[PDB]
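A quick write-up on the structure given underneath.
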Amino acid sequence: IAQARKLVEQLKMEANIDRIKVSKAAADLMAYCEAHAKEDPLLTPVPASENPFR
Amino acid sequence: XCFXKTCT
Amino acid sequence: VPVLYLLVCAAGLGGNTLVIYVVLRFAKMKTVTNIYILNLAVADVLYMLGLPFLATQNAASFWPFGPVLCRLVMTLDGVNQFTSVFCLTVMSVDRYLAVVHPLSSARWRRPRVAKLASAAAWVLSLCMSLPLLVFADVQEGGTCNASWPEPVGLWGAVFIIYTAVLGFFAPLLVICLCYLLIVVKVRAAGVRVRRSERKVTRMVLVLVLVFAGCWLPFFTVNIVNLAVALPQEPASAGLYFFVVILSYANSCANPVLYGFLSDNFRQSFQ
Amino acid sequence: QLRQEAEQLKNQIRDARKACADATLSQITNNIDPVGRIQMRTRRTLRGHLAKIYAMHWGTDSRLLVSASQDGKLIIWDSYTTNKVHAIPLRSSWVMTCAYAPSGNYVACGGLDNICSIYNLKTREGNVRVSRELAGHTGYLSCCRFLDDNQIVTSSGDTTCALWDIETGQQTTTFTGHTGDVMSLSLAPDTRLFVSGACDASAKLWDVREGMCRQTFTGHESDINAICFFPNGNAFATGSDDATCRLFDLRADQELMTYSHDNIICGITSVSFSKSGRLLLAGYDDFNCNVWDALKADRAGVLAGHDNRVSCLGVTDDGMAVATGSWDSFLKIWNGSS
Amino acid sequence: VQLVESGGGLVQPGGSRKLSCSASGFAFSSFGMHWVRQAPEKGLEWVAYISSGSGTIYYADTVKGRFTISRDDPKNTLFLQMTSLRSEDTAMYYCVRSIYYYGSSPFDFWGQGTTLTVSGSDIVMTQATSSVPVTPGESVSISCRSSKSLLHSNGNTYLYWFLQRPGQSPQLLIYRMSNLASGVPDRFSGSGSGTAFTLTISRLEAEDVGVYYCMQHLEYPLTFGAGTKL
Amino acid sequence: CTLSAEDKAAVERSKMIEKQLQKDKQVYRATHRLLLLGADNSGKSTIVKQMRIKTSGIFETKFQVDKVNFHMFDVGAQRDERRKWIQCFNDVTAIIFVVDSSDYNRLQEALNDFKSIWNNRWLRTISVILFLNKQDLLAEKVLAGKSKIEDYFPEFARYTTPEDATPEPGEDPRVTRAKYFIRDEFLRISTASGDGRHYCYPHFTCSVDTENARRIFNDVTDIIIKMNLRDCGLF
């Protein structure tokens with residue numbers, strides 16, 4: 001009897017969060033990826049002189 | 001007569 | 001005559017190439033066992049090139065070319081063949097140590113050791129074949145054969161005996177005891193605890209029989225000839241031809257047995 | 001009676017999610033330029049272990065690292081010069097996890113025995129010695145991560161997690177609710193939230209101070225092994241045994257993309273991200289590692305071969321090096337620059 | 001962590017003597033040793049060295065052929081032998097320890113000495129004496145110079161400082177020109193350049209009075225400066 | 001070279017550190033490991049205690065025969081499922097399995113468990129050794145009445161007389177010879193799925209018996225011998 005009561009309480013607690021549309025969310029990743037493209041060594045090779053691992 | 005291999 | 005000579009080369013050429021090109025791509029060299037098979041194939045394939053020149057020199061025709069090539073072909077022909085006996089000999093001791101003394105021989109199983117052994121083995125063949133060029137040149141007068149620079153009576157007997165002693169006997173003595181000890185050992189372990197001992201006996205018997213049969217005749221023929229002179233008659237040349245043709249089947253028997261009858265090589269062959 | 005109410009509530013919850021599917025993210029990125037091919041090369045190799053290896057970790061300074069083996073030994077290496085610093089024996093052989101402290105003063109490890117232990121390095125006398133032991137669990141451990149100096153989190157095969165305090169060595173909070181074995185967990189940039197997954201093919205979210213769950217996901221249909229976060233902190237990805245990977249969001253609360261190919265049949269073991277989040281990496285059982293495009297969902301390279309199974313991966317903070325391990329007792333490092 | 005030595009006495013020209021030292025309280029096998037001596041009214045001098053594994057030995061020019069050193073691990077004891085003494089060997093001796101690895105601090109400890117009676121690069125500093133009030137606002141600084149560049153391609157610079165008080169052994173303050181010891185207060189500060197170095201002290205207190213020294217550790221032949229009063 | 005004075009000290013330190021590992025490996029390569037399994041009904045604990053002469057999770061035991069060291073392990077508190085942690089034993093020497101032949105009603109579960117263990121993806125190259133126990137109760141119940149096997153396991157009535165190779169190590173009535181039937185029901189399953197990569201060894205045991213240690217040694221030696229022949233490539 002207690003298990004069902006606990007499940008009902010959990011379900012009641014879960015159901016009151018705010019939401020947004022996916023169209024808005026889709027742009028944040030694009031902006032973040034565009035912002036930090038100039039300091040990615042793996043994406044853009046670097047001159048041999050400054051490589052510690054040469 | 002012969003000496004070695006295939007001489008004869 | 002030439003038809004017989006074509007077939008041996010045609011059969012021999014491809015077998016070594018198959019295994020030698022398979023080894024590099026799939027069975028990368030990372031263990032001691034994989035090194036001696038490398039040298040064996042190279043030795044056999046390099047030896048297999050000899051017959052056509054001798055075919056040209058007796059196939060109803062006599063020696064073209066001059067002295068420049070006579071004293072170049074013979075040296076390599078002689079040097080090539082001797083490596084095989086030592087290459088075969090080493091593996092027996094290797095496998096004996098691999099099964100009779102596991103822990104006590106851990107030091108000598110490191111990869112570095114095999115390279116030194118191969119390099120050392122590769123030298124004595126050149127070290128021993130020099131007399132064939134330095135003491136007496138290959139005088140082309142005798143149809144590219146050899147004629148001694150000093151009284152033949154003494155040196156002719158010296159050459160054959162000293163070559164034959166090292167060529168045949170000692171490795172035959174070496175191999176047998178090593179191959180016997182493993183079979184001696186197996187039974188005691190087997191008894192105390194069906195299918196295996198039969199296979200072991202079969203394998204060992206087959207590899208000893210082939211090895212001995214592929215090579216027995218030639219030295220006996222040469223010794224008998226040295227003991228007493230032979231008459232002049234067409235059967236004499238036929239005897240020599242038959243005695244010589246047989247020797248080349250060993251290089252075609254060798255690659256298949258050691259190569260394709262092992263389970264691990266078969267599994268890695270895919 | 002109660003079953004009907006539960007079904008009603010489940011249907012009511014399901015109803016809302018249909019309206020949020022405003023658009024498909026595939027259409028809004030078809031015009032983006034591709035990335036291209038990538039090649040990398042090996043730089044250094046490290047020998048030494050007598051047996052298979054399980055786990056490894058990086059340091060904050062990006063120069064030091066630690067590795068573990070199932071032969072009962074730990075080694076610390078210098079990356080630039082390839083020199084060994086310290087070696088420590090153990091009392092137990094079955095070990096699975098290790099971690100590094102942020103300040104570089106403390107280290108911990110664990111194994112089948114339900115204890116994640118700690119060690120000290122700095123003393124007037126020159127020797128490494130043990131400090132404390134924590135017990136109380138009834139199942140084999142999976143991971144114990146540090147966080148701050150005086151706090152630590154741990155997970156166990158049994159479906160519960162707890163928090164500890166080193167000074168008094170007693171627990172303070174416990175989390176329950178799962179019905180299957182727990183495998184992995186990951187922390188967030190700001191240390192207030194974390195996630196974990198279990199064999200029930202479901203995930204959850206937790207709060208540290210409060211101690212109550214908030215959200216759940218159920219996508220996969222098979223076992224789940226790996227999970228990782230995104231630099232922004234609002235997204236994460238998971239891997240499964242059925243040879244599939246999926247992505248999720250926290251504010252939208254629904255899946256976005258899937259990556260798969262028809263030629264692969266084996267599973268996945270590890271996953272990690274890069275600094276800018278444009279690239280994704282994963283390993284497989286078949287002795288191979290692959291790389292993926294996070295925005296276009298296309299493969300773009302391979303990382304050669306190994307002689308046995310591959311286990312672990314890691315990226316440094318500055319993003320200039322990456323290392324890999326396997327069961328063949330050897331380690332390698334890649335730079336990949338031209 | 002304590003160290004004690006014994007020996008000394010009175011000898012006549014053409015004699016021989018031996019010295020010994022004992023240690024306790026730490027792992028002995030992981031540390032090297034060194035020797036140092038001092039004159040009645042002069043500076044310090046370096047003598048010898050021995051490594052942990054007994055694989056390297058080094059000597060000075062003046063005593064290259066006469067003096068010998070040995071180690072014994074199981075007994076945790078050290079020995080030194082001398083022969084063919086001369087009139088210019090009246091000095092007091094000291095012992096030091098060292099260890100090396102990434103981020104390590106070589107010199108940390110010093111001990112006492114015993115008395116005996118018989119009957120490359122240059123480093124430069126001046127300003128032998130100076131006046132100092134006791135007011136807290138008072139601040140002082142010192143300088144020194146060298147004759148060669150100490151910078152290496154790696155990027156590290158080697159320079160050290162020491163302080164001595166009446167009737168007591170010296171002590172270590174700073175290493176590698178930018179690092180402070182564990183227990184030293186934070187008032188002290190230091191800086192330098194390619195061939196010029198400086199020290200600064202603020203918020204003076206009574207205990208600070210003492211004498212100071214410096215040393216270089218680039219090429220094995222080691223040299224010391226003469227200290228300055230305050 | 002361009003090295004400074006201080007680096008050579010670190011190089012020497014690493015060189016000195018490197019040595020101990022070879023001796024450690026040399027010591028390591030001279031030991032064997034075994035794994036043990038069974039059920040509650042079996043006398044596993046009794047066997048362990050006789051052979052010797054809170055939430056630990058694992059237990060260990062040691063013994064020596066003919067100046068040879070052997071190690072044995074057992075598991076403690078764990079949940080029912082065995083799917084996940086089984087992987088760790090990929091490279092162990094051999095496994096041991098114990099069974100109660102007296103009880104008739106609970107025989108099918110043992111067969112099911114044996115079939116389950118035999119065909120797992122991670123154990124294709126590991127052999128198994130099998131022991132049977134508690135013969136005295138079997139004999140006593142067979143001599144008396146009020147029990148029969150035909151009720152539980154049909155086809156025993158058409159079963160033949162004991163095979164021609166069955167020996168007679170003791171003077172007992174022919175009815176007592178029912179052990180061979182059970183021995184053939186397990187070997188039947190083990191017969192198939194084999195292609196020479198793993199083998200099985202059955203044995204009989206009695207209550208509180210002795211000379212149990214000698215038995216494992218011969219099988220261990222034979223198994224060790226068999227591997228080297230494949231290693232070289234001569235078999």
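Going by the structure tokens order, chains are called A, B, ..., each with residues numbered from 1, while ligands are numbered from 1 in the order shown.
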What lies within 10 Å of residue 4 (chain B) using only C-alpha atoms, ignoring chain neighbours under 2 positions off, as a tab-separated table (two decimals) with N, CA and C atoms, in the first residue's frame?
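Final output, saved to out_13.tsv:
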chain	number	residue	atom	x	y	z
B	2	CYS	N	84.31	-37.19	-64.37
B	2	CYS	CA	83.54	-36.02	-63.96
B	2	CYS	C	83.86	-35.60	-62.52
B	6	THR	N	76.68	-31.98	-62.72
B	6	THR	CA	76.29	-31.78	-64.11
B	6	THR	C	77.47	-31.54	-65.04
B	7	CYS	N	78.69	-31.82	-64.59
B	7	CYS	CA	79.85	-31.65	-65.47
B	7	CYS	C	79.77	-32.59	-66.66
B	8	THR	N	79.38	-33.84	-66.44
B	8	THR	CA	79.27	-34.82	-67.52
B	8	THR	C	77.91	-34.72	-68.20
C	145	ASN	N	83.48	-25.58	-66.21
C	145	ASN	CA	83.75	-26.39	-65.02
C	145	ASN	C	85.06	-25.93	-64.38
C	146	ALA	N	85.44	-26.57	-63.28
C	146	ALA	CA	86.63	-26.20	-62.54
C	146	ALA	C	87.77	-27.16	-62.83
C	160	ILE	N	86.55	-33.19	-51.62
C	160	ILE	CA	85.29	-33.91	-51.48
C	160	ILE	C	85.07	-34.34	-50.03
C	222	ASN	N	78.92	-39.89	-55.07
C	222	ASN	CA	80.20	-39.21	-55.26
C	222	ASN	C	81.35	-40.01	-54.64
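All of the residues in chain D within 8 Å of chain A are residues 2, 6, 9, 13, 20, 21, 22, 23, 25, 43, 80, 214, 215, 251, 252, 275, 276, 277, 278, 319, 320, 335, 336, 337 and 338 of chain D, where only C-alpha atoms were counted.
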Please produce a file of the residues just selected, as a short mmCIF file (atom, residue, chain, number, x, y, z; two decimals), in the first residue's frame, where the atoms kept are N, CA and C atoms.
data_model
loop_
_atom_site.label_atom_id
_atom_site.label_comp_id
_atom_site.auth_asym_id
_atom_site.auth_seq_id
_atom_site.Cartn_x
_atom_site.Cartn_y
_atom_site.Cartn_z
N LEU D 2 -5.69 2.07 -7.55
CA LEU D 2 -4.55 2.97 -7.67
C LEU D 2 -3.90 2.86 -9.05
N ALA D 6 -2.65 5.91 -11.56
CA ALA D 6 -1.30 5.98 -12.09
C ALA D 6 -1.31 6.06 -13.61
N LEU D 9 -2.36 9.56 -14.65
CA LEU D 9 -1.29 10.54 -14.49
C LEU D 9 -0.22 10.37 -15.56
N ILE D 13 0.83 13.23 -18.28
CA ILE D 13 2.21 13.67 -18.50
C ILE D 13 2.59 13.52 -19.97
N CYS D 20 5.40 20.46 -27.82
CA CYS D 20 6.70 21.12 -27.83
C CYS D 20 7.51 20.79 -29.08
N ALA D 21 7.12 19.77 -29.84
CA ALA D 21 7.84 19.39 -31.06
C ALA D 21 7.54 20.39 -32.17
N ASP D 22 8.11 21.59 -32.02
CA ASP D 22 7.86 22.67 -32.97
C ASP D 22 8.54 22.45 -34.31
N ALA D 23 9.76 21.92 -34.31
CA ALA D 23 10.52 21.75 -35.55
C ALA D 23 11.54 20.65 -35.34
N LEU D 25 15.48 19.60 -35.83
CA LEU D 25 16.77 20.28 -35.90
C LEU D 25 17.57 19.89 -37.13
N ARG D 43 52.99 10.01 -30.80
CA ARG D 43 54.16 10.75 -30.35
C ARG D 43 55.02 9.95 -29.38
N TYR D 80 56.39 14.86 -20.50
CA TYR D 80 57.37 15.44 -21.42
C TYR D 80 58.61 14.56 -21.53
N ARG D 214 14.39 15.17 -9.66
CA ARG D 214 13.61 16.15 -10.42
C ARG D 214 13.12 15.64 -11.77
N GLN D 215 13.93 14.88 -12.50
CA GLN D 215 13.61 14.53 -13.88
C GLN D 215 14.12 13.13 -14.19
N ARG D 251 16.03 21.79 -20.65
CA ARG D 251 14.88 22.68 -20.68
C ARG D 251 13.78 22.20 -21.61
N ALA D 252 14.14 21.64 -22.77
CA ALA D 252 13.14 21.06 -23.67
C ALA D 252 12.65 19.70 -23.19
N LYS D 275 37.11 20.85 -26.25
CA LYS D 275 36.96 22.18 -25.66
C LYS D 275 35.79 22.94 -26.28
N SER D 276 35.74 23.04 -27.61
CA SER D 276 34.72 23.83 -28.27
C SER D 276 33.41 23.08 -28.48
N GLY D 277 33.38 21.78 -28.20
CA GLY D 277 32.16 21.01 -28.33
C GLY D 277 31.80 20.64 -29.75
N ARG D 278 32.67 20.91 -30.72
CA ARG D 278 32.37 20.58 -32.11
C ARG D 278 32.64 19.11 -32.43
N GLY D 319 43.61 21.32 -24.07
CA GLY D 319 43.18 20.75 -25.33
C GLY D 319 44.27 20.56 -26.36
N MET D 320 45.46 20.12 -25.95
CA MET D 320 46.57 19.90 -26.86
C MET D 320 47.03 18.45 -26.92
N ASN D 335 49.00 13.73 -30.89
CA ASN D 335 48.99 15.19 -31.00
C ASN D 335 48.25 15.61 -32.26
N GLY D 336 48.59 15.00 -33.39
CA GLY D 336 47.90 15.27 -34.64
C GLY D 336 47.96 16.71 -35.09
N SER D 337 49.14 17.17 -35.51
CA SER D 337 49.32 18.53 -35.99
C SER D 337 50.20 18.51 -37.23
N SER D 338 50.01 19.52 -38.08
CA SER D 338 50.79 19.65 -39.31
C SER D 338 51.27 21.09 -39.50
#
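Straight-line separation from CA of residue 86 (chain F) to CA of residue 310 (chain D): 18.5 Å.
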- request: Mind checking which residues fall within 10 Å of residue 114 (chain F), counting only C-alpha atoms, ignoring those fewer than 3 positions away in the same chain, and posting them as a ChimeraX atom specification?
  value: /F:97,108-111,117-119,186,189-190
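Residues of chain C having any atom within 9 Å of chain B, counting only C-alpha atoms, are residues 54, 58, 142, 143, 144, 145, 146, 156, 160, 222, 225, 229, 230, 231, 232, 236, 237, 240, 241 and 244 of chain C.
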Deliver the residues from the most recent selection as a file, using N, CA and C atoms, as a tab-separated table (two decimals), in the first residue's frame.
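Now in again19.tsv:
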chain	number	residue	atom	x	y	z
C	54	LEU	N	72.25	-24.22	-65.95
C	54	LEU	CA	72.72	-25.57	-66.24
C	54	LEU	C	71.89	-26.24	-67.33
C	58	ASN	N	73.72	-27.93	-71.06
C	58	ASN	CA	73.74	-29.34	-71.45
C	58	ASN	C	72.55	-29.73	-72.32
C	142	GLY	N	87.11	-25.97	-69.63
C	142	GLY	CA	86.34	-27.17	-69.36
C	142	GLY	C	84.84	-26.94	-69.36
C	143	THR	N	84.36	-26.16	-70.32
C	143	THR	CA	82.94	-25.85	-70.45
C	143	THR	C	82.37	-25.31	-69.14
C	144	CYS	N	83.07	-24.31	-68.60
C	144	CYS	CA	82.68	-23.58	-67.39
C	144	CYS	C	82.87	-24.40	-66.12
C	145	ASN	N	83.48	-25.58	-66.21
C	145	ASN	CA	83.75	-26.39	-65.02
C	145	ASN	C	85.06	-25.93	-64.38
C	146	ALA	N	85.44	-26.57	-63.28
C	146	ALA	CA	86.63	-26.20	-62.54
C	146	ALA	C	87.77	-27.16	-62.83
C	156	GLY	N	92.07	-33.04	-55.20
C	156	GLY	CA	90.75	-33.52	-55.56
C	156	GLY	C	90.12	-34.35	-54.46
C	160	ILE	N	86.55	-33.19	-51.62
C	160	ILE	CA	85.29	-33.91	-51.48
C	160	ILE	C	85.07	-34.34	-50.03
C	222	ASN	N	78.92	-39.89	-55.07
C	222	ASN	CA	80.20	-39.21	-55.26
C	222	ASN	C	81.35	-40.01	-54.64
C	225	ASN	N	82.16	-42.97	-56.82
C	225	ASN	CA	82.90	-42.51	-57.99
C	225	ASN	C	84.35	-42.22	-57.65
C	229	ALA	N	87.36	-45.44	-60.72
C	229	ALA	CA	86.98	-44.79	-61.96
C	229	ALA	C	85.86	-45.56	-62.65
C	230	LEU	N	85.04	-44.82	-63.43
C	230	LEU	CA	83.92	-45.41	-64.15
C	230	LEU	C	84.19	-45.43	-65.65
C	231	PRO	N	83.57	-46.36	-66.38
C	231	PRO	CA	83.81	-46.43	-67.83
C	231	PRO	C	83.04	-45.36	-68.59
C	232	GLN	N	83.35	-45.28	-69.88
C	232	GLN	CA	82.68	-44.34	-70.78
C	232	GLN	C	81.55	-45.07	-71.49
C	236	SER	N	76.22	-43.76	-68.20
C	236	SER	CA	76.88	-43.02	-67.12
C	236	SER	C	76.30	-41.62	-66.99
C	237	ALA	N	76.08	-40.94	-68.11
C	237	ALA	CA	75.49	-39.60	-68.06
C	237	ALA	C	74.06	-39.65	-67.54
C	240	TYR	N	74.09	-39.85	-63.74
C	240	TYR	CA	74.35	-38.56	-63.12
C	240	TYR	C	73.12	-37.65	-63.21
C	241	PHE	N	72.45	-37.64	-64.36
C	241	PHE	CA	71.28	-36.78	-64.53
C	241	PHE	C	70.21	-37.12	-63.50
C	244	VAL	N	71.16	-36.06	-60.03
C	244	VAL	CA	71.17	-34.62	-59.79
C	244	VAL	C	69.75	-34.06	-59.73
query: Do you know which residues are at most 6 Å from region 29-36 of chain F counting only C-alpha atoms, after dropping those on the same chain fewer than 5 positions away, and could you put them as an MDAnalysis selection string?
result: chainID F and resid 70:73 94:96
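For the atom pair formed by CA of residue 285 (chain D) and CA of residue 266 (chain D), the distance is 6.3 Å, given to one decimal.
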- request: Name the residues in contact with residue 172 (chain F) at a cut-off of 12 Å, using only C-alpha atoms, excluding same-chain residues fewer than 6 positions from it; report them as number ranges by chain.
  value: F: 139-140, 142-143, 178
query: Skipping near chain neighbours, those fewer than 6 positions away, what residues fall within 12 Å of residue 79 (chain F) using only C-alpha atoms, listed as a PyMOL selection string?
result: (chain D and resi 138-140+157-159+180-181) or (chain F and resi 57+85)
query: What does the distance between CA of residue 96 (chain C) and CA of residue 191 (chain C) come to in Å, to one decimal place?
result: 21.3 Å
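Residues with any atom within 12 Å of residue 7 (chain C), counting only C-alpha atoms and excluding same-chain neighbours fewer than 2 positions away, are residues 1, 2, 3, 4, 5, 9, 10, 11, 12, 13, 51, 52, 245, 248, 249 and 252 of chain C.
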- prompt: chain A: which residues are alpha helix (DSSP H) by DSSP, as a ChimeraX atom specification?
  reply: /A:2-14,22-35
File dump, residues just selected, N, CA and C atoms, as a compact mmCIF listing (two decimals), in the first residue's frame:
# COMPACT_ATOMS: atom_id res chain seq x y z
N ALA A 2 2.01 1.17 0.70
CA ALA A 2 2.90 2.32 0.82
C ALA A 2 3.59 2.62 -0.50
N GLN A 3 3.92 1.59 -1.28
CA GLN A 3 4.63 1.80 -2.54
C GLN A 3 3.81 2.67 -3.48
N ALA A 4 2.52 2.39 -3.60
CA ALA A 4 1.66 3.18 -4.47
C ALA A 4 1.57 4.62 -3.99
N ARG A 5 1.46 4.82 -2.68
CA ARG A 5 1.41 6.18 -2.14
C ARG A 5 2.69 6.94 -2.47
N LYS A 6 3.84 6.29 -2.32
CA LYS A 6 5.11 6.93 -2.64
C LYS A 6 5.17 7.29 -4.12
N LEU A 7 4.73 6.37 -4.98
CA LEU A 7 4.74 6.64 -6.41
C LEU A 7 3.84 7.82 -6.75
N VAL A 8 2.66 7.89 -6.13
CA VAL A 8 1.74 8.99 -6.39
C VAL A 8 2.35 10.31 -5.95
N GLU A 9 3.00 10.31 -4.78
CA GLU A 9 3.65 11.53 -4.30
C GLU A 9 4.75 11.98 -5.25
N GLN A 10 5.57 11.03 -5.71
CA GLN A 10 6.64 11.35 -6.65
C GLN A 10 6.07 11.94 -7.94
N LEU A 11 5.02 11.31 -8.47
CA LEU A 11 4.42 11.78 -9.71
C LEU A 11 3.84 13.18 -9.54
N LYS A 12 3.20 13.44 -8.39
CA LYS A 12 2.68 14.77 -8.13
C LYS A 12 3.80 15.80 -8.07
N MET A 13 4.92 15.44 -7.43
CA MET A 13 6.03 16.38 -7.32
C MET A 13 6.64 16.67 -8.68
N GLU A 14 6.64 15.69 -9.59
CA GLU A 14 7.35 15.85 -10.86
C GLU A 14 6.67 16.84 -11.80
N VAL A 22 11.60 24.31 -28.60
CA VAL A 22 12.90 23.85 -29.09
C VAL A 22 13.51 24.85 -30.06
N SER A 23 12.68 25.63 -30.75
CA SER A 23 13.20 26.61 -31.70
C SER A 23 14.13 27.59 -31.02
N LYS A 24 13.75 28.07 -29.83
CA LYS A 24 14.63 28.96 -29.07
C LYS A 24 15.92 28.25 -28.66
N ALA A 25 15.80 27.00 -28.21
CA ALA A 25 16.98 26.29 -27.70
C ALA A 25 17.99 26.03 -28.81
N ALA A 26 17.52 25.85 -30.04
CA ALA A 26 18.41 25.44 -31.13
C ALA A 26 19.51 26.46 -31.41
N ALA A 27 19.31 27.73 -31.05
CA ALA A 27 20.24 28.77 -31.48
C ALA A 27 21.40 28.95 -30.50
N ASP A 28 21.21 28.57 -29.24
CA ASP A 28 22.25 28.80 -28.23
C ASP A 28 23.51 28.01 -28.56
N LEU A 29 23.34 26.75 -28.97
CA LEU A 29 24.50 25.95 -29.35
C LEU A 29 25.21 26.53 -30.56
N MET A 30 24.47 27.00 -31.56
CA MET A 30 25.10 27.62 -32.72
C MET A 30 25.92 28.84 -32.31
N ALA A 31 25.34 29.70 -31.46
CA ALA A 31 26.07 30.88 -31.01
C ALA A 31 27.32 30.50 -30.23
N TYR A 32 27.20 29.53 -29.32
CA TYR A 32 28.36 29.13 -28.52
C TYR A 32 29.46 28.54 -29.40
N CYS A 33 29.09 27.70 -30.37
CA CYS A 33 30.08 27.14 -31.27
C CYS A 33 30.75 28.21 -32.12
N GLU A 34 29.99 29.20 -32.59
CA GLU A 34 30.58 30.26 -33.39
C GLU A 34 31.51 31.14 -32.55
N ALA A 35 31.18 31.33 -31.27
CA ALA A 35 31.93 32.27 -30.45
C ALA A 35 33.38 31.85 -30.23
query: Could you write out as a PyMOL selection string the residues of chain F within 10 Å of chain C, counting only C-alpha atoms?
result: chain F and resi 26+29-30+201+215+217-219+221-222+225-226+228-235
Atoms to include: C-alpha atoms. Write the selected residues as an mmCIF file, in the first residue's frame.
data_model
loop_
_atom_site.group_PDB
_atom_site.id
_atom_site.type_symbol
_atom_site.label_atom_id
_atom_site.label_comp_id
_atom_site.auth_asym_id
_atom_site.auth_seq_id
_atom_site.Cartn_x
_atom_site.Cartn_y
_atom_site.Cartn_z
ATOM 1 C CA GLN F 26 59.990 -13.427 -11.682
ATOM 2 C CA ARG F 29 55.213 -16.119 -12.739
ATOM 3 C CA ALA F 30 55.493 -18.990 -10.205
ATOM 4 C CA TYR F 201 37.204 -34.409 -15.741
ATOM 5 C CA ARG F 215 43.972 -35.410 -7.196
ATOM 6 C CA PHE F 217 47.898 -31.891 -9.060
ATOM 7 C CA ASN F 218 47.927 -34.422 -11.907
ATOM 8 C CA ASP F 219 45.154 -32.666 -13.828
ATOM 9 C CA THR F 221 50.129 -30.698 -14.668
ATOM 10 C CA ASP F 222 48.429 -32.276 -17.688
ATOM 11 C CA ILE F 225 51.563 -29.468 -20.489
ATOM 12 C CA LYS F 226 48.868 -29.462 -23.175
ATOM 13 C CA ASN F 228 52.842 -25.545 -24.625
ATOM 14 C CA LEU F 229 52.419 -28.003 -27.501
ATOM 15 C CA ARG F 230 49.893 -25.667 -29.123
ATOM 16 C CA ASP F 231 52.124 -22.695 -28.294
ATOM 17 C CA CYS F 232 55.100 -23.971 -30.299
ATOM 18 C CA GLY F 233 52.914 -25.008 -33.233
ATOM 19 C CA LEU F 234 53.856 -28.705 -33.169
ATOM 20 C CA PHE F 235 50.260 -29.664 -32.283
#
- request: Please give the complete set of residues from region 186-312 of chain D that DSSP, run on the backbone, assigns to strand (DSSP E), formatted as number ranges by chain.
  value: D: 186-187, 193-198, 203-207, 216-217, 224-229, 235-240, 245-249, 258-259, 268-273, 279-284, 289-293, 299-302, 310-312
